[PDB]
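Worksheet for the structure shown next.
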Amino acid sequence: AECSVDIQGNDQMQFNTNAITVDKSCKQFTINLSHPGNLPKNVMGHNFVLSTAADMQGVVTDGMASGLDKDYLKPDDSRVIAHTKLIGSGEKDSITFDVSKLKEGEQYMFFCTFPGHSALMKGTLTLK
Ligand SMILES: [Cu+2]
């Protein structure tokens, strides 16, 4: 099965998917994030951040509080399973994480932690 997904974040605070399934036969899983919009990171930064559904709002809230200098994630946040950099117009960043960090049954969310983006920029991820 495939163990990679391409995802874009744009100038209208939208991700171009809101559902990812990770095949259980994948040992690693890669996210390729890009930003085909015009706006820079300090205005319309997007990251791909992954947590349990339960942990999402805390990571977002503490992330807002951490500020731009920290890519809007709180330092040493163990709730974050994986994440990309926060990127701006025309940038790219990819990450690969260990699929064994995930667990069958559990619900995961991906989302952007730039202030106010997570209402519109979020989706589910599920080991299947
Ligand atoms: Cu964003």
Side-chain angles (χ1 to χ4, degrees):
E2 308 155 51
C3 309
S4 201
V5 59
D6 299 358
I7 173 162
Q8 315 178 341
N10 81 358
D11 281 343
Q12 293 300 316
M13 294 157 46
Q14 298 159 309
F15 274 140
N16 66 348
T17 163
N18 74 332
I20 290 170
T21 53
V22 172
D23 193 285
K24 179 180 163 248
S25 67
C26 295
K27 296 265 100 180
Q28 73 177 36
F29 196 89
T30 293
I31 292 99
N32 304 310
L33 179 69
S34 44
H35 196 334
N38 287 323
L39 294 174
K41 161 199 305 178
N42 67 55
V43 174
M44 190 61 64
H46 300 313
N47 49 18
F48 175 97
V49 178
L50 178 67
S51 75
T52 54
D55 284 333
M56 173 181 162
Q57 202 56 26
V59 173
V60 169
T61 296
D62 294 337
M64 176 145 180
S66 281
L68 184 77
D69 269 351
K70 269 124 178 182
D71 269 20
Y72 299 101
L73 293 169
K74 182 190 62 193
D76 313 306
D77 189 339
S78 42
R79 299 169 296 194
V80 183
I81 291 166
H83 64 95
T84 60
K85 280 193 298 186
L86 177 80
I87 65 176
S89 154
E91 303 184 288
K92 256 194 145 164
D93 191 48
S94 285
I95 55 97
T96 304
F97 65 84
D98 206 310
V99 174
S100 50
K101 295 279 188 48
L102 305 188
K103 282 111 211 330
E104 265 171 311
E106 183 58 271
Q107 256 62 75
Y108 298 97
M109 298 298 287
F110 61 95
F111 53 91
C112 172
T113 64
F114 191 88
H117 290 200
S118 65
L120 292 67
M121 305 195 70
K122 63 172 176 228
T124 47
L125 184 142
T126 43
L127 197 45
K128 257 163 64 210

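Sequential numbering from 1 along the given sequence is applied to the chain's residues. Start at 1 and go down the list; that is how both ligands and their atoms are numbered.
Hydrophobic clustering, with ILVMFWY side chains joined whenever heavy atoms are under 4.5 angstrom apart, keeps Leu86 apart from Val80.
Looking at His46 and the Cu ion (ligand 1) together, the shortest N, O or S contact belongs to ND1. Checked against the Cu ion (ligand 1), the N, O or S atom of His117 at the shortest distance is ND1.
Remark: side-chain polar atoms of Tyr72 are not paired, donor with acceptor, to backbone N or O of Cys112 under 3.5 angstrom. Using modelled atom types, one side-chain atom of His35 and one backbone atom of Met44 make a donor-acceptor pair closer than 3.5 Å.
Using a 4.0 Å cut-off between a side-chain N of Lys or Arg and a carboxylate O of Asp or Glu, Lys74 and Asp62 qualify as a salt bridge.
Between the SG atom of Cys112 and the O atom of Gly45, the angle taken at the Cu ion (ligand 1) works out to 100° after rounding to 10°.
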